[PDB]
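Printed here is upload.csv (CSV, C-alpha atoms):
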chain,number,residue,atom,x,y,z
A,1,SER,CA,0.0,0.0,0.0
A,2,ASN,CA,1.0,3.6,-0.6
A,3,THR,CA,-1.6,5.1,1.6
A,4,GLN,CA,-1.4,4.9,5.4
A,5,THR,CA,-4.4,4.7,7.8
A,6,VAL,CA,-4.6,6.4,11.2
A,7,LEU,CA,-5.5,4.1,14.1
A,8,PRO,CA,-8.5,5.4,16.1
A,9,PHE,CA,-6.6,6.1,19.3
A,10,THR,CA,-7.8,9.1,21.2
A,11,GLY,CA,-6.2,11.6,23.6
A,12,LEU,CA,-2.6,10.6,22.8
A,13,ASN,CA,0.3,12.9,23.7
A,14,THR,CA,3.8,12.4,22.3
A,15,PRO,CA,3.4,8.6,21.8
A,16,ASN,CA,6.8,7.0,21.5
A,17,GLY,CA,6.5,3.2,21.1
A,18,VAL,CA,4.3,0.6,19.4
A,19,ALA,CA,4.0,-3.2,19.3
A,20,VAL,CA,1.6,-5.6,17.7
A,21,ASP,CA,0.6,-9.1,18.8
A,22,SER,CA,-0.5,-12.2,16.8
A,23,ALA,CA,-4.2,-11.1,16.9
A,24,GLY,CA,-3.3,-7.7,15.4
A,25,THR,CA,-3.9,-5.9,18.7
A,26,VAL,CA,-1.8,-2.7,18.7
A,27,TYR,CA,0.0,-1.5,21.9
A,28,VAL,CA,1.2,2.1,22.3
A,29,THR,CA,3.2,3.8,24.9
A,30,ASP,CA,1.4,7.1,25.3
A,31,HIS,CA,4.4,8.8,26.7
A,32,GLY,CA,3.0,12.2,27.5
A,33,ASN,CA,0.1,10.7,29.5
A,34,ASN,CA,2.2,8.2,31.3
A,35,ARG,CA,0.1,5.2,30.2
A,36,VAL,CA,0.1,2.2,27.8
A,37,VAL,CA,-3.0,1.7,25.6
A,38,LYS,CA,-4.1,-1.0,23.3
A,39,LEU,CA,-6.6,-1.2,20.4
A,40,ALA,CA,-7.8,-4.5,19.1
A,41,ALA,CA,-8.1,-4.9,15.4
A,42,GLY,CA,-11.2,-3.2,14.1
A,43,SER,CA,-12.1,-1.6,17.4
A,44,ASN,CA,-13.2,1.9,18.2
A,45,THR,CA,-12.6,1.7,21.9
A,46,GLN,CA,-9.0,1.8,23.3
A,47,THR,CA,-8.0,0.1,26.6
A,48,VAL,CA,-5.6,1.4,29.1
A,49,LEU,CA,-3.4,-1.4,30.5
A,50,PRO,CA,-3.0,-1.9,34.3
A,51,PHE,CA,0.7,-0.9,34.6
A,52,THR,CA,1.4,0.4,38.1
A,53,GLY,CA,3.9,2.8,39.4
A,54,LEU,CA,5.0,3.9,35.9
A,55,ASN,CA,7.1,7.0,35.6
A,56,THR,CA,6.9,7.6,31.9
A,57,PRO,CA,7.1,4.8,29.4
A,58,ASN,CA,9.9,4.8,26.8
A,59,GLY,CA,9.1,1.7,24.8
A,60,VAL,CA,7.1,-1.5,24.5
A,61,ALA,CA,7.2,-5.0,23.2
A,62,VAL,CA,4.8,-7.9,23.3
A,63,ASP,CA,5.6,-11.7,23.2
A,64,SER,CA,3.7,-14.8,22.1
A,65,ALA,CA,2.1,-15.2,25.4
A,66,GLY,CA,0.7,-11.7,25.3
A,67,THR,CA,3.1,-10.5,28.0
A,68,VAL,CA,3.7,-6.7,27.5
A,69,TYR,CA,7.1,-5.4,28.3
A,70,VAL,CA,7.6,-1.7,29.0
A,71,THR,CA,10.6,0.5,29.8
A,72,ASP,CA,10.1,2.9,32.7
A,73,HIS,CA,12.1,6.1,32.3
A,74,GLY,CA,11.9,7.7,35.8
A,75,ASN,CA,12.3,4.5,37.7
A,76,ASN,CA,15.1,3.1,35.5
A,77,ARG,CA,13.5,-0.3,35.2
A,78,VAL,CA,11.8,-2.7,32.8
A,79,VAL,CA,8.5,-4.2,33.8
A,80,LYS,CA,6.4,-6.9,32.3
A,81,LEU,CA,2.7,-7.4,32.6
A,82,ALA,CA,1.3,-10.9,32.4
A,83,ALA,CA,-1.9,-11.5,30.4
A,84,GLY,CA,-5.0,-12.6,32.5
A,85,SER,CA,-3.5,-12.2,35.9
A,86,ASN,CA,-2.2,-8.7,35.2
A,87,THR,CA,0.7,-9.4,37.5
A,88,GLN,CA,3.4,-6.8,37.0
A,89,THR,CA,7.0,-8.0,37.5
A,90,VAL,CA,10.1,-5.8,37.6
A,91,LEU,CA,12.8,-7.6,35.6
A,92,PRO,CA,16.0,-8.0,37.6
A,93,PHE,CA,18.3,-5.9,35.4
A,94,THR,CA,20.8,-3.8,37.3
A,95,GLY,CA,22.6,-0.5,36.8
A,96,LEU,CA,20.0,0.8,34.2
A,97,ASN,CA,20.0,4.5,33.4
A,98,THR,CA,17.1,5.4,31.0
A,99,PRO,CA,16.1,2.1,29.6
A,100,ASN,CA,14.6,3.0,26.3
A,101,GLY,CA,13.9,0.4,23.6
A,102,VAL,CA,12.9,-3.1,24.6
A,103,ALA,CA,12.7,-6.4,22.5
A,104,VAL,CA,12.0,-10.0,23.3
A,105,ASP,CA,13.3,-13.0,21.4
A,106,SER,CA,11.6,-16.4,20.7
A,107,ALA,CA,13.3,-17.8,23.8
A,108,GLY,CA,11.8,-15.1,26.0
A,109,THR,CA,15.1,-13.3,26.5
A,110,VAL,CA,14.6,-9.5,27.0
A,111,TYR,CA,16.9,-7.0,25.4
A,112,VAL,CA,17.0,-3.3,26.5
A,113,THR,CA,18.8,-0.2,25.3
A,114,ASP,CA,20.4,1.4,28.3
A,115,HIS,CA,20.3,4.9,26.8
A,116,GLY,CA,22.1,6.7,29.6
A,117,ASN,CA,24.9,4.1,29.8
A,118,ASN,CA,25.5,3.7,26.1
A,119,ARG,CA,25.0,-0.1,26.2
A,120,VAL,CA,22.5,-2.8,25.2
A,121,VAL,CA,21.8,-5.5,27.8
A,122,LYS,CA,19.9,-8.8,27.7
A,123,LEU,CA,18.4,-10.9,30.4
A,124,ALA,CA,16.9,-14.4,30.0
A,125,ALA,CA,13.5,-14.8,31.6
A,126,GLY,CA,13.8,-16.1,35.1
A,127,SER,CA,17.6,-15.2,35.3
A,128,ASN,CA,19.6,-12.9,37.6
A,129,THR,CA,22.4,-12.8,34.9
A,130,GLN,CA,22.4,-9.9,32.5
A,131,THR,CA,24.7,-9.7,29.5
A,132,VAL,CA,26.1,-6.6,28.0
A,133,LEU,CA,26.1,-7.2,24.2
A,134,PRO,CA,29.4,-6.4,22.4
A,135,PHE,CA,28.3,-3.4,20.6
A,136,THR,CA,31.0,-0.7,20.7
A,137,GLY,CA,31.1,3.0,20.8
A,138,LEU,CA,27.4,3.6,21.2
A,139,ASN,CA,25.9,7.0,21.9
A,140,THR,CA,22.4,7.4,23.2
A,141,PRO,CA,21.2,4.1,21.8
A,142,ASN,CA,17.5,4.2,21.2
A,143,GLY,CA,15.8,1.2,19.7
A,144,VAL,CA,16.5,-2.6,19.7
A,145,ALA,CA,15.0,-5.5,17.8
A,146,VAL,CA,15.9,-9.2,17.6
A,147,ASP,CA,15.1,-11.6,14.8
A,148,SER,CA,14.2,-15.3,14.8
A,149,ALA,CA,17.9,-16.2,14.4
A,150,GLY,CA,18.9,-14.1,17.4
A,151,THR,CA,20.5,-11.3,15.4
A,152,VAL,CA,20.2,-8.0,17.4
A,153,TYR,CA,19.7,-4.6,15.7
A,154,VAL,CA,20.2,-1.3,17.5
A,155,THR,CA,19.6,2.3,16.5
A,156,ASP,CA,22.8,4.0,17.6
A,157,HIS,CA,21.0,7.3,17.6
A,158,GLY,CA,23.9,9.5,18.6
A,159,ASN,CA,26.0,8.2,15.8
A,160,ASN,CA,23.3,8.2,13.1
A,161,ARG,CA,23.8,4.5,12.4
A,162,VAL,CA,22.1,1.1,12.8
A,163,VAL,CA,24.3,-1.6,14.1
A,164,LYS,CA,23.8,-5.4,14.0
A,165,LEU,CA,25.2,-8.3,15.9
A,166,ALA,CA,24.6,-11.9,14.8
A,167,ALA,CA,24.1,-14.4,17.6
A,168,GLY,CA,27.6,-15.4,18.8
A,169,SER,CA,29.3,-12.9,16.6
A,170,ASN,CA,32.5,-11.1,17.7
A,171,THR,CA,31.9,-7.9,15.8
A,172,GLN,CA,29.1,-5.4,15.1
A,173,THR,CA,28.2,-4.5,11.5
A,174,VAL,CA,26.7,-1.2,10.4
A,175,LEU,CA,23.7,-1.7,8.0
A,176,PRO,CA,24.0,0.2,4.7
A,177,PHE,CA,21.2,2.6,5.3
A,178,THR,CA,21.8,6.0,3.6
A,179,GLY,CA,21.3,9.5,5.0
A,180,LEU,CA,20.1,8.5,8.5
A,181,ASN,CA,19.7,11.3,11.0
A,182,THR,CA,18.8,10.7,14.7
A,183,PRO,CA,17.2,7.3,14.0
A,184,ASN,CA,15.2,5.9,16.8
A,185,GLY,CA,12.6,3.2,16.3
A,186,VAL,CA,13.7,-0.2,14.9
A,187,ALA,CA,11.9,-3.5,14.1
A,188,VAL,CA,12.7,-6.6,12.2
A,189,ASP,CA,10.2,-8.9,10.5
A,190,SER,CA,10.2,-12.7,10.1
A,191,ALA,CA,12.3,-12.4,6.9
A,192,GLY,CA,15.0,-10.3,8.5
A,193,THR,CA,13.9,-7.1,6.8
A,194,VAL,CA,15.0,-4.2,9.1
A,195,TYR,CA,12.6,-1.2,9.5
A,196,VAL,CA,14.0,2.0,11.0
A,197,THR,CA,12.3,5.2,11.9
A,198,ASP,CA,14.7,7.8,10.5
A,199,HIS,CA,13.4,10.4,13.0
A,200,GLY,CA,15.5,13.3,11.9
A,201,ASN,CA,14.2,13.0,8.4
A,202,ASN,CA,10.5,12.3,9.3
A,203,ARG,CA,10.5,9.0,7.4
A,204,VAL,CA,10.6,5.3,7.8
A,205,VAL,CA,13.2,3.2,5.8
A,206,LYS,CA,13.6,-0.5,5.3
A,207,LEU,CA,16.4,-2.8,4.2
A,208,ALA,CA,15.9,-6.4,3.1
A,209,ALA,CA,18.6,-8.9,4.2
A,210,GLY,CA,21.6,-8.6,1.9
A,211,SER,CA,20.3,-5.4,0.2
A,212,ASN,CA,22.4,-2.3,-0.2
A,213,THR,CA,19.4,-0.2,-1.3
A,214,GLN,CA,17.0,1.0,1.3
A,215,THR,CA,13.4,1.7,0.5
A,216,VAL,CA,11.7,4.8,1.9
A,217,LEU,CA,8.2,3.7,3.0
A,218,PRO,CA,5.3,5.9,1.6
A,219,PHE,CA,4.1,7.3,4.9
A,220,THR,CA,2.9,10.8,4.7
A,221,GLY,CA,3.2,13.9,7.0
A,222,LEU,CA,5.2,12.3,9.7
A,223,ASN,CA,6.5,14.6,12.5
A,224,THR,CA,9.3,13.5,14.8
A,225,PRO,CA,8.2,9.8,14.6
A,226,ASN,CA,9.7,7.2,16.9
A,227,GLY,CA,8.5,3.6,17.5
A,228,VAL,CA,7.9,1.2,14.6
A,229,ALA,CA,6.4,-2.3,14.6
A,230,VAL,CA,5.6,-4.9,11.9
A,231,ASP,CA,3.1,-7.7,12.0
A,232,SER,CA,3.1,-11.2,10.4
A,233,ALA,CA,1.4,-9.8,7.3
A,234,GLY,CA,4.1,-7.2,6.9
A,235,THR,CA,1.9,-4.2,7.9
A,236,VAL,CA,4.1,-1.5,9.4
A,237,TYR,CA,2.9,0.6,12.4
A,238,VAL,CA,4.6,3.8,13.4
A,239,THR,CA,4.1,6.1,16.4
A,240,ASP,CA,3.9,9.5,14.7
A,241,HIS,CA,5.0,11.2,17.9
A,242,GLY,CA,4.9,14.9,16.8
A,243,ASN,CA,1.3,14.4,15.5
A,244,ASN,CA,0.0,12.5,18.6
A,245,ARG,CA,-1.1,9.6,16.5
A,246,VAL,CA,-0.3,6.1,15.3
A,247,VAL,CA,-0.3,5.3,11.6
A,248,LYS,CA,-0.5,1.9,9.8
A,249,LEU,CA,0.7,1.0,6.3
A,250,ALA,CA,-0.1,-2.4,4.7
A,251,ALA,CA,2.6,-4.2,2.6
What is this file in structure tokens?
Amino acid sequence: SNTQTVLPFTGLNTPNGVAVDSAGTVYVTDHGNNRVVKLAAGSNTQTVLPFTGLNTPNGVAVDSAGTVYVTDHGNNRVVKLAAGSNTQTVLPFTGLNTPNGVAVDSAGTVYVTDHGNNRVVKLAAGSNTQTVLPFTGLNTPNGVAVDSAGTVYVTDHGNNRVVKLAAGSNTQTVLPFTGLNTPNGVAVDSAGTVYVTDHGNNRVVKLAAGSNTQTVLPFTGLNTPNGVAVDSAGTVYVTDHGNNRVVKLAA
């Protein structure tokens, strides 16, 4: 598609993150209102999720069990909310300073950009061992995504680049995007196509695996966008932060 739609969320302010589950339910961190909201596919009523003690959300991810993971800016922590019980658990990361992007792999391992510490950390579910990933020279890293093979992608926002680490790899690789400026959101689909919100240029770009030629997605009128998500059908969702809205573009 070359024409986006606007999801019927209401009362958003500076929304910054988006995730989509297997049923097509869309989750948004409504940053300016300190809340996380969801909208089921085809619904005209949004639902505020029962996160507690939140001090401004920075990002969101959702896993196969419908667990919703949120980075908490002011409390420097990552929380998860279990479906059904609505039990909220603080993940036992340590030393966080401004956790920002969050991603979860197929094994349930949680990855977080520690924005204030210029590092990316992962933590297996149920573990008290966190691992600093061997990215190097990061500045204000923003978004993180992980694919089915365990490859990790990070928007190294302060250096205008997107870096990649294959599982078990010794060295990060910079993806051949062109003209990036303050990139923030990142997502990866089932085929390893990488989607990046090129925030400084008010656009969203993608790169297929092995490609040296990015495609600029035909969104329109974006204003300081941030979070991006992609569903199993390849539909791309973007938090259009500066316009207080979330937009959707089918493949």
Which of these, A:58, A:220, A:129, A:34, has the shortest distance to residue 113 in chain A once you count all atoms listed in the file?
->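 Under the stated criterion, the closest residue is A:58.
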Closest to residue 7 in chain A among A:32, A:42, A:84, A:192, using all atoms listed in the file?
-> A:42
Distance query 12 Å from (-0.6, 3.7, 1.0) using all atoms listed in the file, result as an NGL selection string = :A and (1-6 or 217-220 or 235-236 or 247-251)
Using all atoms listed in the file, which residue out of A:230, A:222, A:238, A:175 lies closest to residue 187 in chain A?
->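 That would be A:230, the residue with the smallest distance to residue 187 in chain A.
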Excluding residue 109 in chain A and residues on its chain fewer than 4 positions from it, collect all residues at most 8 Å away from it, counting only C-alpha atoms, and give them as a PyMOL selection string.
-> chain A and resi 104-105+122-125
Write a file of the just-selected residues containing C-alpha atoms, as an mmCIF file, keeping the file's coordinate frame.
data_model
loop_
_atom_site.group_PDB
_atom_site.id
_atom_site.type_symbol
_atom_site.label_atom_id
_atom_site.label_comp_id
_atom_site.auth_asym_id
_atom_site.auth_seq_id
_atom_site.Cartn_x
_atom_site.Cartn_y
_atom_site.Cartn_z
ATOM 1 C CA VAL A 104 12.000 -10.000 23.300
ATOM 2 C CA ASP A 105 13.300 -13.000 21.400
ATOM 3 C CA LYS A 122 19.900 -8.800 27.700
ATOM 4 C CA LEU A 123 18.400 -10.900 30.400
ATOM 5 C CA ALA A 124 16.900 -14.400 30.000
ATOM 6 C CA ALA A 125 13.500 -14.800 31.600
#
Can you pull out every residue within 6 Å of residue 67 in chain A, counting all atoms listed in the file, but drop anything in the same chain fewer than 5 positions away, and send it as a ChimeraX atom specification?
-> /A:62,81-83
Up to 12 Å from (2.1, -11.0, 27.3) in the file's coordinates: name the residues, counting all atoms listed in the file, as a PyMOL selection string.
-> chain A and resi 19-22+25+27+49+60-70+79-89+104+108
Length of the CA of residue 35 in chain A to CA of residue 9 in chain A vector [Å] =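 Computed distance, CA of residue 35 in chain A to CA of residue 9 in chain A, equals 12.8 Å.
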Shell of 7 Å around residue 31 in chain A, all atoms listed in the file, local chain residues under 2 positions omitted, as a VMD selection string = chain A and resid 13 to 16 29 33 to 35 56 to 58
One residue among A:148, A:155, A:169, A:44 is nearest to residue 191 in chain A when using only C-alpha atoms, and that residue is A:148
